[PDB]
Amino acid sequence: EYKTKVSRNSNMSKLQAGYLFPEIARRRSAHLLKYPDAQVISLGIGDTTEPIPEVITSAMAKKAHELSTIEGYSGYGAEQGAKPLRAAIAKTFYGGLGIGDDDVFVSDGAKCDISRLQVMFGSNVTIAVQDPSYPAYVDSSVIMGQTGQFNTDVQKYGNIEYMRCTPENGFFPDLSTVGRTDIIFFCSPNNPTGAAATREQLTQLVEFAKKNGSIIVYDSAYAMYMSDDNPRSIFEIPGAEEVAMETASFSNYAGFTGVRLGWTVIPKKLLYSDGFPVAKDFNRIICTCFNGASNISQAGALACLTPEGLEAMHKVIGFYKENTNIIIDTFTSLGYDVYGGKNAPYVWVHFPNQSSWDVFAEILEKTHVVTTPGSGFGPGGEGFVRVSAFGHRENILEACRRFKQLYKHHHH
């Protein structure tokens, strides 16, 4: 066979396996070959399942129809997003926090922004992540050349600061033990643990970033699930404007997982070591490497940020929070240590003295329920399994019945 003379990107070669969620899909498929009649319930990937509220879909359909009219047609949008949408995001989520319309960048989702931010930061920054954490932070870092090779002894890529979050530290890093890095990716409520940082903890985080001269990338994709009285935006912490940016999404709020609409906020006071504003480089990236979020998706997001849209999202979120409570109650009654669930639409179940991949496999094999093994979120996730609360009510209830039957004999 013919081969080119182009060398494979050595950063791609560093990756240990495929992306976590496609790997789970492969195991789900293999399971269906083994059990063709199985009624599989997926509580693995956090994919929303309930319909989008009509007030929001109606706005998207209206935009689509408008595109067939002379007056209503629009072509390229400014890559930063429609001004009324930037304004609505700035006021709804950041009113009172000194965030301007021009600080908001509308995306086709948080996953995509994480990687565009990584292109922006480039190959020479070092990063810290919560351990465990959403795997895209680590994987994007490896792809960009910010890491060394994977070390199989410790299950870590070289040169990443993995900040261990455990039951014993309340799922917040012991910052006095964390080495200095350029970037700190910090998710609150955390995926997969569900832990929401308190005001005191976020204050510590901002102080740590300030002393170390680091940039915090704060992922607030589940913040509207907050039940405890904790900050929902990093910008609630005075000084955050000098060290932090925030990335978020409509995926988990309106069921926009397939529609694609998020945003990133970069404040004016966030500067590189030479005084250059970080937002100006992000603006160059989003103008050069992106051509804007879908106009229909932007119209849907604008409709979300109205009294009727907010009411609708609140109902969607409330439904998933009720699913979460059903799952928490099930595992608690089974005698498990169950974490998260309070501030996030998933639960983090402790399966000590087992491999999380083994637990994943056992649950799938015996109950036909897909979960996510904790080790998929980094070595700090070993010993845990994440169970998503996204599902139709009957599917949640059925999965819990199956869990109760599987684990009935494990505890008194």
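Numbering starts at 1 and follows the sequence shown.
The stretch with the higher mean CA B factor, choosing between 215-223 and 73-81, is 73-81. For the pair 30-38 and 348-356, the mean Cα B-factor is higher in 30-38. When the Cα B-factors of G258, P192, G145, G341 are read from the PDB record, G341 comes out highest.
Between the residues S141, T166, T306, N295, the entry's highest C-alpha temperature factor is the one at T166. Ranked against the other modelled residues of its chain, the C-alpha B-factor of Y336 as given in the entry falls in the highest third. In the deposited entry, the Cα temperature factor of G300 places it in the lowest third of its chain's modelled residues.
In the PDB entry, a CA B factor belonging to the lowest third of its chain's modelled residues is recorded for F235. Ranked against the other modelled residues of its chain, the C-alpha B-factor of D103 as given in the entry falls in the lowest third.
When the modelled residues of the chain are ordered by their C-alpha B factor, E200 lands in the middle third.
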